[PDB]
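First comes the structure, then the notes that go with it.
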């Protein structure tokens, strides 16, 4: 069994494209949420809040030919992955084309523009909108495929498109591929592009927030006055690497991946089950050979829905006790496929800073949520050696990831 | 490390829903390809050929409440999987809800009706078409999620939606989950529903056959006069089980899964590279600790495209040498997400019968294709102890599966 480390990290968020910039907005206490005037034209849509990425740097070599098979979600993904590879010192490295480097990546869906082209045939009886890149741009593994083609990867392609667990499932499966000796380097993460149709699927479940006139005070994970989630977009990426390989080249190491757990509720497509969420955390603890006491901080899923926040916090409290916990969805909204990767990236940053971010707009802890050490109001300084990051998605898919500090 | 066996198998195809019925149609030389008058309405669509499933049995208990989150692709998947579990003796078994049983499944896309609802907002702004099951039915992991909910699975959900490799990647990942001790039973396979938009994706690549007036003569894998693929639909499913668990209950064993290789071309998004296809077969041989000499028969991907058949057959010849080979896409067309699972199922049946099916309509072997033992005209009787089944998809995703006979 091989040990697995994180040697590169990057993300694209509504709060910025570097951890320094994002943590500066964390301290300022401002979220990426805003009212969406462009969504007034959808009359049945009750929510009008989102966390878009207004801009992100696109290097000039991402030209017309390079990006022909990329919609927004795939372009954000590949640009994010290039920054993470550059961070790791592996951009243009021989290992990328060796067969020993691969990718795990997912999103809830491909590009909605390309989905519209594919659907225009069943409606308008016309093939004129479908073109040579419609499927590449629309398909749910558009990010992973565009990455192997762009970087020339010849190892494993692991498509972990599983809605809200896409990015955490990617990290876990990439970790396993290196742990079991199949690969030496993996690009791992998730991404999602924003669309009003994406908001609609949660709006028809009455899971969205209605506070359209107060974008600055919603979503409110675990808050007694929360009224649903707000969706966002972005991308997150970790570069995972076999430990001896990383040490041999003198690489900087951000964290060690020591546990991954995943299981399934087996009950309902949308309503989570507390008991199985907690079992997933126990699977990760067992995979890491650590106990609840050894976990210093938990990054919750914490979507700000009613029964989602209750099920998660009760299970976390049952398995881990009175642990420090917070949700970054208070800042970004629910970034869907991206969330597990963005949350793992920024939680590793918290561990390396010794500074753990509170849940924004958590003012009164809901009495129906589990007894946890909710970080509120201001960042909490902790000497944390081991952290846990949890995510839960439609179909009852659960993931739990455990990361450990590395001193070099 | 655990051994992994196949204890249940099922599929739904244009040639029938039992192995006996399908093999009767093999012997008669009758494909499932037909002319599609219902596609005349799409004027820009050049191909008018497909391999639809006209009917399959749906048990009574699949009522409207049970199937409200299933489109056609998911219903075929769940029905197929129930039949496979029945075959294995595990339907309703306590292990299914124990946490030790899971699912690996994929398709190229979810239900096209649901994709249309999702695009009603993108196109006509009218939201009266999105409902509470639109995403569950449209999403590319609709089969896997519907199966965990329907059967009460609490183990791993492994979404392997990777276009043409969905079903083979599901078998391989399910096999690894058992081999590495994470699960004791896995439902594994793939599925696809037929749609004109799916044909158009290949039509615009000039990859489809235009022999619309001769459906009984096309597709023609490896044939000197082939002119592209024809798409089909269906589902395939294997029940994989840890070997000691199967033996302890006296289960019938159809095969042992002994090797899985997967890699990526890293060069082109639609045109496969021969060298990496061969490396993928080498990965499978190494995983199985067998040599080229030990492979008795190869079930080709064999889509009947110009460049695809040459790259695949040249790779096979280079890495395996002169081997018996045939393509079942000559009977079903290219069933996309289903193809790797249907082809694994029926190849295991060939092994158990000692009778290996010829490529239909392969009348003049292309001298540009590799030097192989192409089975033509009549089935070949073989005392085959080990077989290989290969699949290659968009994004240059390659899979190779090795199965071994089990004498009980």
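General remarks:
- Conditions (1) surrounded by fewer than 24 Cβ atoms within 10 Å (Cβ to Cβ); (2) farther than 30 Å from residue A:112 by Cα; (3) away from chain B (no Cβ under 14 Å): number failed by residue A:257: (1)
- Applying the condition of being assigned to a helix (DSSP H, G or I) and in contact with a helix residue (DSSP H, G or I) (Cβ under 7 Å, 6 or more places away or on another chain) to segment A:86-112 and asking which residue is farthest from residue A:164 (Cα to Cα) yields A:96.
- For segment A:147-162, a residue qualifies if it is farther than 19 Å from residue B:107 by Cα and at the interface with another protein chain (Cβ under 7 Å from one of its Cβ atoms), and the qualifying residues are A:148, A:149, A:152, A:153, A:154, A:155.
- In segment A:1-60, residue farthest from the chain's Cα centre (by Cα) [restricted to those that are within 14 Å of chain B (Cβ to nearest Cβ) and under 29 Å from residue A:173 (Cα atoms)]: A:1
- Matching residues in segment B:380-401 - criterion: being farther than 30 Å from residue A:135 by Cα and either free of Cβ contacts under 8 Å to residues at least 60 places away in the same chain or in contact with a helix residue (DSSP H, G or I) (Cβ under 7 Å, 6 or more places away or on another chain) (or both): B:380, B:381, B:384, B:386, B:387
- Of residues in segment A:114-127 being at the interface with chain B (Cβ under 8 Å from one of its Cβ atoms) and closer than 23 Å to residue A:336 by Cα, the one surrounded by the fewest Cβ atoms within 10 Å (Cβ to Cβ): A:116
- Residue count for segment B:200-211 satisfying the condition of being assigned to a helix (DSSP H, G or I) and either touching a helix residue (DSSP H, G or I) at 6+ places or on another chain (Cβ under 8 Å) or in the same structural domain as residue B:361 (by CATH) (or both): 2.
Yes/no matrix, rows are residues, columns are (1) surrounded by fewer than 23 Cβ atoms within 10 Å (Cβ to Cβ); (2) part of a helix (DSSP H, G or I); (3) outside the structural domain of residue A:162 (by CATH):
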site: A:221; (1), (2), (3): no, no, no
site: A:238; (1), (2), (3): no, no, no
site: A:251; (1), (2), (3): yes, no, no
site: A:275; (1), (2), (3): yes, yes, yes
site: A:293; (1), (2), (3): yes, yes, yes
site: A:312; (1), (2), (3): no, yes, yes
site: A:315; (1), (2), (3): no, yes, yes
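- The numbered conditions (1) assigned to a helix (DSSP H, G or I); (2) facing chain A (nearest Cβ under 9 Å); (3) under 16 Å from residue B:240 (Cα atoms) are all true for residue B:81 except (2).
- Some residue of segment B:139-149 being part of a loop (DSSP other than H, G, I, E, B), over 17 Å from the mean Cα position of the chain (by Cα) and in contact (Cβ under 8 Å) with a residue 12 or more places away in the chain: yes
- Residues located in segment B:2-19, provided they are over 18 Å from residue B:255 (Cα atoms) and either surrounded by fewer than 22 Cβ atoms within 10 Å (Cβ to Cβ) or in contact with a strand residue (DSSP E or B) (Cβ under 8 Å, 6 or more places away or on another chain) (or both): B:12, B:13, B:14, B:16, B:17
- Answer residue from segment B:172-199, given it is under 16 Å from residue B:246 (Cα atoms) and touching a helix residue (DSSP H, G or I) at 6+ places or on another chain (Cβ under 8 Å) and is surrounded by the most Cβ atoms within 10 Å (Cβ to Cβ) among those: B:187
- Residue in segment B:201-212 that is on the phi < 0 side of the Ramachandran plot, within 13 Å of another protein chain (Cβ to nearest Cβ), surrounded by fewer than 24 Cβ atoms within 10 Å (Cβ to Cβ) and free of Cβ contacts under 8 Å to residues at least 12 places away in the same chain present: yes
- Qualifying residue in segment A:229-239 (condition: away from every other protein chain (no Cβ under 12 Å) and over 28 Å from residue A:82 (Cα atoms)): yes
- Selection from segment A:84-101 of residues that are on the phi > 0 side of the Ramachandran plot, more than 9 Å from chain B (Cβ to nearest Cβ) and free of Cβ contacts under 8 Å to residues at least 60 places away in the same chain: A:92
- Qualifying residue in segment B:262-270 (condition: closer than 26 Å to residue B:176 by Cβ and under 17 Å from the mean Cα position of the chain (by Cα)): yes
- The set of residues from segment B:89-113 being buried (at least 24 other Cβ atoms within 10 Å of the Cβ) and in contact with a strand residue (DSSP E or B) (Cβ under 9 Å, 6 or more places away or on another chain) comprises B:101, B:102, B:103, B:104, B:105, B:106, B:107, B:108, B:109.
- Selection status of residue B:75, closer than 30 Å to residue A:159 by Cα, in contact (Cβ under 8 Å) with a residue 12 or more places away in the chain, part of a helix (DSSP H, G or I) and away from chain A (no Cβ under 14 Å): yes
- Exactly one residue among B:104, B:109, B:144 is more than 10 Å from chain A (Cβ to nearest Cβ) and under 18 Å from residue B:189 (Cα atoms), and that residue is B:104.
- Residue in segment B:162-171 that is in contact (Cβ under 8 Å) with a residue 60 or more places away in the chain, over 30 Å from residue A:287 (Cβ atoms) and crowded, with 22+ Cβ neighbours inside 10 Å present: yes
- Residue that is farthest from the other protein chains (Cβ to nearest Cβ) [pool: residues in segment A:381-401 that are surrounded by fewer than 24 Cβ atoms within 10 Å (Cβ to Cβ) and part of a strand (DSSP E or B)]: A:381
All of this is worked out from the model, or read from it or from the source named; these are not laboratory values. Cβ sites come from the backbone with ideal geometry, for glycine too, and all protein chains shown count toward neighbours.
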